[PDB]
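The block underneath contains the structure these notes are about, expressed in structure tokens.
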Ligand SMILES: CCc1noc2cc(OC)c(NS(=O)(=O)c3ccc(OC)cc3)cc12
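Residue numbers (the deposited numbering): 35 to 165.
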């Protein structure tokens, strides 16, 4: 037997659709999609953040022991395209949670943290210029 099974796995990803959740369109939300997310999405440091962390594929079996509120721009992007949010604040907080998770899990000076820092800086610039 020797506990070679059951195996590890990834959690279910964060929801991208919730029919009973209040939602609306606001000019701020439209710009977070049109401008903010879309310019981040194509940055060369975007690729680790474009989908939920695959702990299996990436050999990070500890990831979901440490990170309990996962978040990624793939999820944020779908939430925006689905009009899932009530205000800009909810969307921004997802972005914050994503950056914060990366800082929590890794060490300062790790390459991944430098990737997040760069995106976060760019994020914050684009954020200053909100309607
Ligand atoms: C948000 C995704 C993420 N957060 O912390 C990570 C750590 C990673 O490997 C150490 C990896 N693995 S990786 O293969 O995507 C990766 C990315 C960058 C890196 O340094 C440049 C090393 C591994 C991903 C993450």
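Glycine included, C-beta positions come from ideal geometry on N, C-alpha and C.
Same chain only: Cβ atoms within 8 Å of residue i, ignoring 5 sequence neighbours per side
i, result
"residue 103", "131 and 135"
"residue 161", "70 and 126"
"residue 65", "164 and 165"
First and last residue of the uninterrupted alpha helix (DSSP H) at residue i
i, result
"residue 145", "145-162"
"residue 117", "Counting along the chain, residue 117 falls outside any alpha helix (DSSP H), and DSSP gives it neither H nor E."
"residue 75", "72-75"
"residue 99", "97-100"
Straight-line Cα distance separating residue j from residue i
i, j, result
"residue 126", "residue 49", "16 Å"
"residue 98", "residue 59", "33 Å"
"residue 106", "residue 39", "29 Å"
"residue 52", "residue 95", "29 Å"
"residue 54", "residue 114", "16 Å"
"residue 128", "residue 41", "30 Å"
"residue 78", "residue 85", "15 Å"
"residue 82", "residue 90", "14 Å"
"residue 36", "residue 75", "44 Å"
"residue 46", "residue 122", "25 Å"
"residue 117", "residue 144", "35 Å"
"residue 80", "residue 158", "15 Å"
Where residue i sits in the DSSP three-state scheme
i, result
"residue 107", "helix"
"residue 60", "coil"
"residue 134", "helix"
"residue 41", "coil"
"residue 79", "coil"
"residue 128", "helix"
"residue 90", "coil"
Close-in-space but distant-in-sequence residues of the same chain around residue i (CB under 7 Å, 5 per side omitted)
i, result
"residue 112", "50"
"residue 101", "135, 138 and 139"
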